[PDB]
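Below: the structure, in structure tokens.
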Amino acid sequence: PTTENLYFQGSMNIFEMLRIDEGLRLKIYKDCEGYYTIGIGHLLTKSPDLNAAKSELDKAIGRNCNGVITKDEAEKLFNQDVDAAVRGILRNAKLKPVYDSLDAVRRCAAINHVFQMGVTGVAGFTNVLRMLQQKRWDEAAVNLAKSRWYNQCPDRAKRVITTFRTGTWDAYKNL
């Protein structure tokens, strides 16, 4: 690795990670599951009704958005969503011990996973959680690859799985 390559891990963090996995969109759109989404992976609602999505948006942003937000607003909502995922892990009796056992990079993969799936979804992966806590990285990754989360939308989840396997940022290089 060159001097530059060694600097790359200092540029990666949970925000940069999710930004890559979720993209950045300033207008309401449907995600790979067809759910109304905006900004950096902010799920507005699972309802097929666009009007409900716009309603949620104005509530989340605090103004009359008509389905459109600014980059700054996307960033604010994103920061709020990341904080929620972190708080969701730390207050959970099942997730917290696993999180604590992980290295810094895998902790990012953990926050990412909860950001995407929510606390109860992740906390339900009994086997994966045990494997991670036991440092069985290959087995954890293989089992994550069986999940509906990954299989229904592989491009959004693939880098997270790789990160759980390796504990490095390699999956986020060379976009």
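Simple scheme: letters A, B, ... for chains in structure tokens order, numbers from 1 for residues in each chain, numbers from 1 for ligands in the order shown.
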
Sorted per-residue table, segment 53-100 of chain A near segment 16-31 of chain A, closest atoms and distance, 8 Å, only C-alpha atoms, as a tab-separated table:
```
residue	atom	partner	partner_atom	distance
A:53	CA	A:28	CA	7.9
A:54	CA	A:28	CA	8.0
A:67	CA	A:28	CA	5.5
A:68	CA	A:27	CA	4.7
A:69	CA	A:26	CA	5.3
A:70	CA	A:26	CA	6.2
A:71	CA	A:26	CA	6.8
A:74	CA	A:26	CA	7.2
```

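Closest approach to residue 117 of chain A among A:98, A:140, A:43, A:90 is made by A:43 (distances from only C-alpha atoms).
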
Exercise. Quick one: DSSP helix (DSSP H, G or I) residues in chain A, as a PyMOL selection string?
Worked result: chain A and resi 3-11+14-22+50-61+71-90+95-101+104-117+119-123+126-133+137-144+148-152+154-166+170-172

Polymer residues at most 8 Å from segment 152-156 of chain A, only C-alpha atoms, same-chain spacing of 3 or more positions, as a compact mmCIF listing (two decimals) with C-alpha atoms, in the first residue's frame:
```
# COMPACT_ATOMS: atom_id res chain seq x y z
CA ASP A 21 -24.39 2.13 -0.17
CA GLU A 22 -27.50 4.36 -0.26
CA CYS A 32 -34.84 -1.54 -4.83
CA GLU A 33 -37.87 -2.80 -2.90
CA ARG A 148 -33.77 -11.67 2.33
CA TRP A 149 -32.14 -8.32 3.11
CA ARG A 159 -20.29 -4.17 0.61
```

Selection: 12 Å around residue 132 of chain A, only C-alpha atoms, excl. self and same-chain fewer than 5 positions, as a PDB file with C-alpha atoms, in the first residue's frame:
```pdb
ATOM      1  CA  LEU A  95     -26.926  -6.090  19.955  1.00  0.00           C
ATOM      2  CA  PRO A  97     -22.559  -6.969  23.521  1.00  0.00           C
ATOM      3  CA  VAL A  98     -21.927  -7.939  19.888  1.00  0.00           C
ATOM      4  CA  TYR A  99     -21.208  -4.373  18.863  1.00  0.00           C
ATOM      5  CA  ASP A 100     -18.811  -3.911  21.774  1.00  0.00           C
ATOM      6  CA  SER A 101     -16.861  -7.038  20.767  1.00  0.00           C
ATOM      7  CA  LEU A 102     -16.307  -5.736  17.235  1.00  0.00           C
ATOM      8  CA  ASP A 103     -13.400  -3.722  15.845  1.00  0.00           C
ATOM      9  CA  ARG A 106     -17.002  -3.930  11.771  1.00  0.00           C
ATOM     10  CA  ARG A 107     -18.831  -1.564  14.155  1.00  0.00           C
ATOM     11  CA  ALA A 109     -20.824  -2.431   9.250  1.00  0.00           C
ATOM     12  CA  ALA A 110     -23.066  -3.048  12.273  1.00  0.00           C
ATOM     13  CA  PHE A 125     -30.243 -12.869  13.148  1.00  0.00           C
ATOM     14  CA  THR A 126     -29.375 -15.142  16.084  1.00  0.00           C
ATOM     15  CA  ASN A 127     -26.781 -17.152  14.296  1.00  0.00           C
ATOM     16  CA  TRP A 137     -16.108 -13.947   9.995  1.00  0.00           C
ATOM     17  CA  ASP A 138     -16.413 -16.268   6.992  1.00  0.00           C
ATOM     18  CA  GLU A 139     -19.427 -18.064   8.466  1.00  0.00           C
ATOM     19  CA  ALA A 140     -21.070 -14.788   9.445  1.00  0.00           C
ATOM     20  CA  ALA A 141     -20.710 -13.478   5.895  1.00  0.00           C
ATOM     21  CA  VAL A 142     -22.031 -16.676   4.315  1.00  0.00           C
ATOM     22  CA  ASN A 143     -25.073 -16.576   6.578  1.00  0.00           C
ATOM     23  CA  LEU A 144     -25.719 -12.896   5.873  1.00  0.00           C
ATOM     24  CA  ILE A 161     -21.241  -8.241   4.000  1.00  0.00           C
ATOM     25  CA  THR A 163     -16.860  -5.614   5.438  1.00  0.00           C
ATOM     26  CA  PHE A 164     -18.105  -8.059   8.084  1.00  0.00           C
ATOM     27  CA  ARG A 165     -15.899 -10.683   6.446  1.00  0.00           C
ATOM     28  CA  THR A 166     -12.688  -8.626   6.276  1.00  0.00           C
ATOM     29  CA  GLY A 167     -12.928  -5.756   8.759  1.00  0.00           C
TER      30      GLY A 167
END
```

Excluding residue 81 of chain A and any residue of its chain fewer than 2 positions from it, enumerate the residues within 12 Å of it, using only C-alpha atoms, and give them as a short mmCIF file (atom, residue, chain, number, x, y, z; two decimals) with C-alpha atoms, in the first residue's frame.
```cif
data_model
loop_
_atom_site.label_atom_id
_atom_site.label_comp_id
_atom_site.auth_asym_id
_atom_site.auth_seq_id
_atom_site.Cartn_x
_atom_site.Cartn_y
_atom_site.Cartn_z
CA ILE A 14 -19.98 5.32 8.84
CA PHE A 15 -21.22 8.44 7.02
CA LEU A 18 -23.74 4.58 4.04
CA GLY A 39 -31.79 11.75 0.65
CA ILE A 40 -29.28 9.17 1.82
CA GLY A 41 -31.35 6.03 2.28
CA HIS A 42 -34.15 7.67 4.24
CA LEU A 43 -37.19 5.40 3.98
CA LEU A 44 -40.24 7.68 4.06
CA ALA A 60 -39.18 15.07 8.75
CA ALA A 74 -30.38 15.40 3.21
CA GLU A 75 -27.23 15.58 5.34
CA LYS A 76 -29.16 16.60 8.45
CA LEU A 77 -31.70 13.79 8.06
CA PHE A 78 -28.88 11.37 7.37
CA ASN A 79 -27.05 12.35 10.56
CA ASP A 83 -27.63 8.52 15.34
CA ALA A 84 -30.88 6.56 15.62
CA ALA A 85 -29.18 3.37 14.40
CA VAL A 86 -26.31 3.81 16.88
CA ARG A 87 -28.65 4.53 19.78
CA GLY A 88 -30.77 1.55 18.71
CA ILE A 111 -24.47 0.49 12.31
CA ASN A 112 -24.96 0.20 8.55
CA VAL A 114 -29.17 -1.62 11.57
CA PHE A 115 -29.64 1.60 9.53
CA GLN A 116 -30.81 -0.59 6.64
CA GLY A 118 -33.84 -1.78 11.77
#
```

For this session: Output as an NGL selection string all residues of chain A that backbone DSSP marks as strand (DSSP E).
Result: :A and (25-30 or 36-39 or 42-45)

Could you write out that same residue set with N, CA and C atoms as a PDB file, in the first residue's frame?
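Final output, again_4.pdb:
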```pdb
ATOM      1  N   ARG A  25     -30.002  11.258  -3.134  1.00  0.00           N
ATOM      2  CA  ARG A  25     -31.072  11.636  -4.044  1.00  0.00           C
ATOM      3  C   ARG A  25     -31.872  12.757  -3.402  1.00  0.00           C
ATOM      4  N   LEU A  26     -32.079  13.839  -4.140  1.00  0.00           N
ATOM      5  CA  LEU A  26     -32.749  15.010  -3.587  1.00  0.00           C
ATOM      6  C   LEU A  26     -34.252  15.014  -3.858  1.00  0.00           C
ATOM      7  N   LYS A  27     -34.720  14.048  -4.643  1.00  0.00           N
ATOM      8  CA  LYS A  27     -36.145  13.907  -4.915  1.00  0.00           C
ATOM      9  C   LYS A  27     -36.646  12.536  -4.476  1.00  0.00           C
ATOM     10  N   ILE A  28     -37.900  12.468  -4.042  1.00  0.00           N
ATOM     11  CA  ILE A  28     -38.493  11.192  -3.652  1.00  0.00           C
ATOM     12  C   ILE A  28     -38.339  10.163  -4.760  1.00  0.00           C
ATOM     13  N   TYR A  29     -37.896   8.962  -4.398  1.00  0.00           N
ATOM     14  CA  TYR A  29     -37.760   7.874  -5.364  1.00  0.00           C
ATOM     15  C   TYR A  29     -38.084   6.531  -4.711  1.00  0.00           C
ATOM     16  N   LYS A  30     -38.279   5.498  -5.523  1.00  0.00           N
ATOM     17  CA  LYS A  30     -38.511   4.159  -4.981  1.00  0.00           C
ATOM     18  C   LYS A  30     -37.206   3.374  -4.923  1.00  0.00           C
ATOM     19  N   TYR A  36     -40.838   4.226  -1.140  1.00  0.00           N
ATOM     20  CA  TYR A  36     -40.509   5.643  -1.272  1.00  0.00           C
ATOM     21  C   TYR A  36     -39.382   6.067  -0.334  1.00  0.00           C
ATOM     22  N   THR A  37     -38.336   6.649  -0.918  1.00  0.00           N
ATOM     23  CA  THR A  37     -37.103   6.975  -0.209  1.00  0.00           C
ATOM     24  C   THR A  37     -36.607   8.352  -0.648  1.00  0.00           C
ATOM     25  N   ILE A  38     -35.797   8.991   0.187  1.00  0.00           N
ATOM     26  CA  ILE A  38     -35.168  10.250  -0.199  1.00  0.00           C
ATOM     27  C   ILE A  38     -33.824  10.439   0.496  1.00  0.00           C
ATOM     28  N   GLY A  39     -33.041  11.395   0.007  1.00  0.00           N
ATOM     29  CA  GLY A  39     -31.790  11.746   0.647  1.00  0.00           C
ATOM     30  C   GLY A  39     -30.803  10.605   0.592  1.00  0.00           C
ATOM     31  N   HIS A  42     -33.069   7.430   3.297  1.00  0.00           N
ATOM     32  CA  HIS A  42     -34.153   7.667   4.245  1.00  0.00           C
ATOM     33  C   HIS A  42     -35.480   7.107   3.737  1.00  0.00           C
ATOM     34  N   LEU A  43     -35.893   5.976   4.298  1.00  0.00           N
ATOM     35  CA  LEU A  43     -37.190   5.401   3.979  1.00  0.00           C
ATOM     36  C   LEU A  43     -38.300   6.306   4.523  1.00  0.00           C
ATOM     37  N   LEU A  44     -39.164   6.787   3.639  1.00  0.00           N
ATOM     38  CA  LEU A  44     -40.238   7.678   4.059  1.00  0.00           C
ATOM     39  C   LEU A  44     -41.440   6.895   4.568  1.00  0.00           C
ATOM     40  N   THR A  45     -41.792   5.838   3.845  1.00  0.00           N
ATOM     41  CA  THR A  45     -42.931   4.998   4.186  1.00  0.00           C
ATOM     42  C   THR A  45     -42.934   3.758   3.306  1.00  0.00           C
TER      43      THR A  45
END
```
